[PDB]
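Single chain ahead, by itself, as structure tokens, in the form deposited in one PDB entry.
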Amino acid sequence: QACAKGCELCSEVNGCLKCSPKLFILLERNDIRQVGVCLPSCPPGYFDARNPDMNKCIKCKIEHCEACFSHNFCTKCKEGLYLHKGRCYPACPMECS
């Protein structure tokens, strides 16, 4: 008992579905069935979404994006860039040096 270590909610087929709140679920949609792992931190280019119940790694390979709510779609760009449909756009508010 009870699931892969660190896993709270566990499926015989898809593996972990909800990690304990310490950890971050990574859901690698690997061909073809989906499999979850529980990680202490997310892999490169994943944003780590924290929530009171749970944490999750969300793919966020968006240049100059600070956060993604859902897979590769930015919900907050770095200061001075403009966010439009999940992407980040310069310019660039005194002057722009």
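Only residues modelled in both forms are compared. Don't overthink the numbering: it's just position in the shown sequence, from 1. The term rigid core refers to the maximal set of C-alpha atoms that superpose within 1.5 Å between the two forms.
There is another form of this protein, the form deposited in another entry, and it is not shown here; the text below is about that form.
Once both forms are overlaid on the rigid core, the distance between the two CA positions of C16 between the shown form and the other one is under 2 angstroms.
Here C38 does not count as shifted, since its C-alpha moves by less than 2 Å between the shown form and the other one after the core is aligned. If you fit the rigid core between the shown form and the other one, you'll see the Cα of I62 move by 2 angstroms or more. Panel note: the distance between the CA atoms of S41 and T75 is smaller in the other entry than in this form, the difference being 3 Å or more. Between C42 and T75, the Cα spacing is smaller in the other entry than in the shown form, differing by no less than 3 Å.
Regions that shift between the shown form and the other one, defined as runs of three or more consecutive residues whose CA atoms all move by 2 angstroms or more after core superposition, comprise 51-54, 60-91.
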